[PDB]
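J.: Build me a model:
(chains A, B, C, D and E)
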Amino acid sequence: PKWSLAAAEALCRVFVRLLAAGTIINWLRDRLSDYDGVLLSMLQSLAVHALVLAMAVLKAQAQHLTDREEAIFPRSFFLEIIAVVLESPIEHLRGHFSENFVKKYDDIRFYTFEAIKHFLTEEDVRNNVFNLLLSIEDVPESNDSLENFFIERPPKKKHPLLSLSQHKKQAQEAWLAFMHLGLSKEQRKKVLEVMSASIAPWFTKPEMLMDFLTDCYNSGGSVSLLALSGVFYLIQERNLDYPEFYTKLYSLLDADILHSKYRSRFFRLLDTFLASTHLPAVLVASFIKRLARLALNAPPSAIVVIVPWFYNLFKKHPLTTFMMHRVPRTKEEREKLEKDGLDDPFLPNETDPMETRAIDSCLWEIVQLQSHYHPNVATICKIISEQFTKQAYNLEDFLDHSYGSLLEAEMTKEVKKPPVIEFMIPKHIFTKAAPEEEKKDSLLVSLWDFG
Amino acid sequence: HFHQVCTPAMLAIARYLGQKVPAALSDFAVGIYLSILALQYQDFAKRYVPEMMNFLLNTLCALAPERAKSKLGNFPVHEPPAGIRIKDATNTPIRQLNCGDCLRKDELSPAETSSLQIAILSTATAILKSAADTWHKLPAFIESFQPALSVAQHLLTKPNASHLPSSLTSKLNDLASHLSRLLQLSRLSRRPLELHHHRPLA
Amino acid sequence: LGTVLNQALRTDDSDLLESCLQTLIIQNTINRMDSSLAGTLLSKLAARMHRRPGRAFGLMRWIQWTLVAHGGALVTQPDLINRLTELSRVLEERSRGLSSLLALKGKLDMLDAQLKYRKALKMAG
Amino acid sequence: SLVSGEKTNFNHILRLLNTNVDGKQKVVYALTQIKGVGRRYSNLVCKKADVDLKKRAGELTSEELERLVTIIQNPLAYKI
Amino acid sequence: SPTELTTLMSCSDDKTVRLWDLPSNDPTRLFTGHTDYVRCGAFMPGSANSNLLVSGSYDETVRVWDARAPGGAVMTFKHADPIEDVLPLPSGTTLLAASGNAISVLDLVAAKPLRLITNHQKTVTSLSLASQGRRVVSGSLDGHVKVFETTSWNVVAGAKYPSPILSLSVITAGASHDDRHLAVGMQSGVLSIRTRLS
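T.: Numbering: from 1, shown residues only, chains lettered A, B, ... in the order given. You can find the structure just below:
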């Protein structure tokens, strides 16, 4: 059917020529309505070029199917094109549509959004529309940032194609129609990931996102960890509030947060949540003591994130530095402390950080994490031990570390500077007893039967 | 301190030991093997392996006579998906692990699963014994081994001791008394931190 | 829009209240609204309906769904029936003038019928 | 209980072309610290880059800091 | 100090409030008792209240001291929130402690709290007295100023600013103290002065 594609590129040239030039006229106006189904069937074949034909015929129909100077182009035919594009199981068709037109032009963006709203008002197809709605990452900044139109840059000076609030309005309306139909689990866990950079800046008013975010943030689990960036963006931009924000953060950082994948985004948010100036010493000490007792069971790619952040907090708030250097001021306290040992007055599993007694506690957890098996973790747990010389540690050098990075760290060095081995190797590596050598057995062998 | 070959093996044990929610009993066995291997790495260089700690407490709660209800450590408690937990079989005695338990068997008999699970619990009690004896230093002893005592006392309960033999009860009560003695030792030996006692420059 | 409406009616905002009033959504909003701010919503809707007559459809829709959703929530209040009293006053004023306005509607419907008849003649001629 | 401290970390040592030490003093007294740069020269540099004499060093964004490090390389490209 | 010209007070970040005199190089009196950051404080105006000091801390405590006996606080009021602002009333009897999402009027004559007034969503930052000592204008992180009466403490009027505001004062003209203009300093870095001329 390559010759039918050749006939299509010929007939499209004939159509744009007769339109750009121009009982007798009714067949001339029958032509395009007969060619519409031809291109609709050609969009299910290569339809990659048929889309270029289908987006040139719209340019011709805008330019000269009217007596007015204003180019009015058919939203209904564009809606049928959208309804076949978002339904066809080809990936490269929608890919060509997204890269070549929607990320490039603005008329296609606005009318695509309102066509999507109609098409969604009237599950694989749901995934297709969601993958198209995630595609427009960039948001225009101002009215003079639009500045490239496909057909008829309007001379109206107040046109809805020239006001940025109406582009944002139809983007918000398309997204509200999709979220009214209702989204699946991985769709929601993609939305809450890419919300505060790509979804919420499309809204004229994000106040329905406020209720969605506070529902999925008060729910619990990892979805609150995802929703925290959206809640921060909506406290930031248009100051809707969360009621008890810091006790919610204190209940949020818990047993299994440090093992998740989104902890880099979480710690990049916590670095702004705990850089505020209106934080009491009790609160900023509680957020250190819980993240130390949680660092006791953390990955070595998490302690390297935690401890320089501790260093910046200890530089900012010196009243919490009594969790490193506490002197018993009275000799009666010295006698009591040597008679019976000191119980840790920190109260774990306490609700509010201002009433956890993290003040009067110490960082025994960090001074024990100094004897970590990894050398880099063992030497970064010494920044609390040594001296406070550097004025601040940036966290972008310490974030996004994982086991892949920690295990390529032993790869990207030299092949071998000539290492050492262990002299006097015992011959009973696996023998269960070896009673004539007096050297006690491997506990591997004492607890494993090899036979 | 740092080696080019030795501690990357420790990191391989680490990546398999901290991650990997277990999906069968083969993963449990390989995790117990890498836990004792990492103990032998950290003998007479008394360092700390947090992933060994949380993995061992994960196995000790995930063999699950009743359930991990609430307040069992700050370690990530996970789900036994396919009924990977002990049943009421108190007449299969303890045994020592072999290496064939690094093979998956979906067609395994329950009388073959029960001895394996009791074996994994007994050897994990031994690993907690060795880890406590080699880590009775290191002043977050109490904050690291209060979950060990709490999960051991949780396995010494009435809805949990029916499914266990008397030998596992004896091992876990040895764990309880040993950890109580060590915890009283660390409470009486805990002193407050004075890290920054610096010599002023001349 | 429930928490936004809660914020606006609890701190006596105007911008949040108007941006949530200008917009299914209404039913979810009043169902997730707090119970204690329902009388505050009734008074702040009666005020806008008095001050501006052109917004009567949406505001009567809001008042209608509020009285549906939080009916006994206003009875458990009951020393605050004066908000319903001001609401009755505003709706009585809105429904003032109906018989004379119906007479004038008929007097204009005759003219519109004759104008449409002469347009229907003039299109065919 | 959440006010943005996005500006309150400014009294730290900044790094520049040659000197690794350039703290907060002002905007024209910080330019004197670089070797070869003068007290009458530093006022000509600031009037081109639309930076105000009232501000300090450290009160500048990551874009506005480097604009003074290009114009310190080539004094001929910007007219003099 | 509103009466003496050389006496001043200081609430520092650690635990201390303390009285200085301008000729001396030493603090004349020291007051401890707070357990967190103390960040708002004022003298007590009045003919009888010559030397009393109020300061609230971030430990959810308002303490008022006699300056004659430098022991503990004379009176202490424990709140639920980190206390952001404090102002006494010009009669010297009552006192407004602004803590979290609520202000609180307290008596100092008989050591009893009167009334907790919550009308802000975010935390209230700064209180100010107004027209003739008759109306208190409060400003919060919600972007809201709200002016209350002093007899019944109802929300009499209010206004909304485009940023979360941090400082607020209505300031007076001169003789008889008619309020000239209200200035709000916001988190965005803007001082908005709104002027009324009569």
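
J.: so what's the single nearest residue of chain E relative to chain D up against?
T.: Closest residue of chain E to chain D, Cβ to the nearest Cβ: residue E:123 (5.4 Å). To be clear about C-beta, it is placed using only N, CA and C from the backbone, and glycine gets the same treatment. Residue E:123 makes contact with A:278, D:1, E:81-82, E:84, E:100-101, E:140-141, according to Cβ atoms under 8 Å, 6 or more residues apart in numbering or on different chains.

J.: Quick check: closest non-adjacent residue to residue A:309.
T.: Leaving out its chain neighbours, the residue that sits closest to residue A:309 by Cβ to Cβ, 6 or more residues apart in numbering or on different chains is residue A:395, at 6.1 Å.

J.: Check the burial of the one you found by counting its neighbours.
T.: Using other Cβ atoms under 10 Å in any protein chain shown, residue A:395 has 16 other residues around it.

J.: cool, residue B:10 as well?
T.: Neighbours of residue B:10 (other Cβ under 10 Å): 19.

J.: so which strand or helix has it?
T.: Using DSSP states H and E, residue B:10 sits within helix B:6-18.

J.: which strands and helices sit next to that helix?
T.: helix A:403-408, helix B:25-41, helix B:50-62 (3 or more Cβ pairs under 8 Å, 6 or more residues apart in numbering or on different chains; DSSP states H and E).

J.: which residues are contacting that helix?
T.: By Cβ under 8 Å, 6+ apart, the residues outside helix B:6-18 that reach it are A:259, A:299-300, A:373-375, A:403, A:406-407, A:410, B:30-31, B:34-35, B:37-38, B:41, B:49-52, B:54-55.

J.: PyMOL command to pick out the buried ones of these?
T.: To isolate the buried members of the contacts of helix B:6-18 in PyMOL, using 16 or more other Cβ atoms under 10 Å in any protein chain shown:
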select buried, (chain A and resi 259+299+300+373+374+403+406) or (chain B and resi 30+31+34+35+37+38+41+49+50+51+52+54+55)
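
J.: ok, which of the contacts of helix B:6-18 also contact chain C?
T.: Within the set of the contacts of helix B:6-18, contact with chain C (Cβ under 8 Å from any Cβ of the partner chain) is found for no member.

J.: check contacts around residue 159.
T.: In the absence of a named chain, this looks at chain A. By Cβ under 8 Å, 6+ apart, the contact list for residue A:159 is empty.

J.: Chain B was what I was after
T.: Counting by Cβ under 8 Å, 6+ apart, residue B:159 touches B:65-66.

J.: so where does residue C:20 fall, helix or strand?
T.: Here residue C:20 is assigned to helix C:15-21, by DSSP H and E.

J.: Likewise for residue A:290?
T.: Residue A:290 belongs to helix A:281-293 when assigned by DSSP H and E.

J.: Nearest to chain C within chain E, name that residue for me.
T.: Closest contact between chain E and chain C, by Cβ to the nearest Cβ, is at residue E:121 (4.5 Å).

J.: Would you mind measuring from that residue to residue E:140?
T.: According to Cβ to Cβ, to the nearest Å, residue E:121 stands 7 Å off from residue E:140.

J.: ok, these two, which is more surrounded?
T.: A count of neighbours by other Cβ under 10 Å puts residue E:140 above the other of residue E:121 and residue E:140, at 27 against 23.

J.: ok, so what distance separates the more buried one from residue A:241?
T.: In terms of Cβ to Cβ, residue E:140 sits 10 Å off from residue A:241.

J.: what do these two both touch?
T.: Counting by Cβ under 8 Å, 6+ apart, the residues touching both residue E:140 and residue A:241 are E:121-122.

J.: returning to what we had before: show the buried residues in the contacts of residue E:123.
T.: For those, buried by 16+ other Cβ under 10 Å: A:278, D:1, E:81-82, E:84, E:100-101, E:140-141.

J.: what about residue 62, helix or strand, and which?
T.: If you meant another chain, say so; for now it's chain A. Element membership for residue A:62 (DSSP H and E) is helix A:47-64.

J.: was after chain E, sorry
T.: Element membership for residue E:62 (DSSP H and E) is strand E:61-66.

J.: is any part of that strand close to chain A?
T.: No - Strand E:61-66 does not reach chain A (Cβ under 8 Å from any Cβ); its nearest approach is 11.6 Å.

J.: now do stretch B:139-151
T.: Yes - contact between stretch B:139-151 and chain A, assessed by Cβ under 8 Å from any Cβ, occurs at B:139-144.

J.: what about the helices in chain B?
T.: B:6-18, B:25-41, B:50-62, B:110-134, B:141-155, B:166-189 (DSSP state H).

J.: Point out the most buried one among these.
T.: Highest mean neighbour count among the helices of chain B (mean count of other Cβ atoms under 10 Å in any protein chain shown): helix B:50-62, with a mean of 24.

J.: Can you tell me the closest non-neighbouring residue to whichever residue of chain B sits closest to chain E?
T.: Closest contact between chain B and chain E, by Cβ to the nearest Cβ, is at residue B:196 (17.8 Å). Counting by Cβ to Cβ, 6+ apart, residue A:325 is the residue found nearest to residue B:196 once chain neighbours are left out, at 4.4 Å.

J.: That neighbour and residue A:314, how far apart?
T.: To residue A:314, residue A:325 is 11 Å away according to Cβ to Cβ.

J.: Out of the helices and strands packed on helix B:6-18, the one nearest residue A:428 is which?
T.: In terms of Cβ to Cβ, the element of the helices and strands packed on helix B:6-18 nearest to residue A:428 is helix B:25-41, at 14.3 Å.

J.: Longest helix of chain A, counting residues only.
T.: Looking across chain A with DSSP H, the single longest helix is helix A:2-21.

J.: Pull out the CA atoms of that helix and give them to me as PDB.
T.: Extracted C-alpha coordinates of helix A:2-21, given in PDB (Å, rounded to 0.1, in the frame of the first residue of the first chain):
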ATOM      1  CA  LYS A   2       3.000   2.300  -0.500                       C
ATOM      2  CA  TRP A   3       1.400   3.300  -3.800                       C
ATOM      3  CA  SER A   4      -1.700   4.300  -1.800                       C
ATOM      4  CA  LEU A   5       0.600   6.300   0.400                       C
ATOM      5  CA  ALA A   6       2.000   8.000  -2.700                       C
ATOM      6  CA  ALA A   7      -1.600   8.700  -3.900                       C
ATOM      7  CA  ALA A   8      -2.300  10.200  -0.500                       C
ATOM      8  CA  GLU A   9       0.700  12.500  -0.600                       C
ATOM      9  CA  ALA A  10      -0.300  13.500  -4.200                       C
ATOM     10  CA  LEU A  11      -4.000  14.100  -3.200                       C
ATOM     11  CA  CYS A  12      -3.000  16.200  -0.200                       C
ATOM     12  CA  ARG A  13      -0.800  18.400  -2.400                       C
ATOM     13  CA  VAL A  14      -3.800  18.800  -4.800                       C
ATOM     14  CA  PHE A  15      -6.100  19.600  -1.900                       C
ATOM     15  CA  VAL A  16      -3.800  22.300  -0.300                       C
ATOM     16  CA  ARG A  17      -3.300  23.800  -3.800                       C
ATOM     17  CA  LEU A  18      -7.000  24.000  -4.600                       C
ATOM     18  CA  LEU A  19      -7.700  25.400  -1.100                       C
ATOM     19  CA  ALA A  20      -4.900  28.000  -1.200                       C
ATOM     20  CA  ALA A  21      -6.100  29.000  -4.700                       C
END
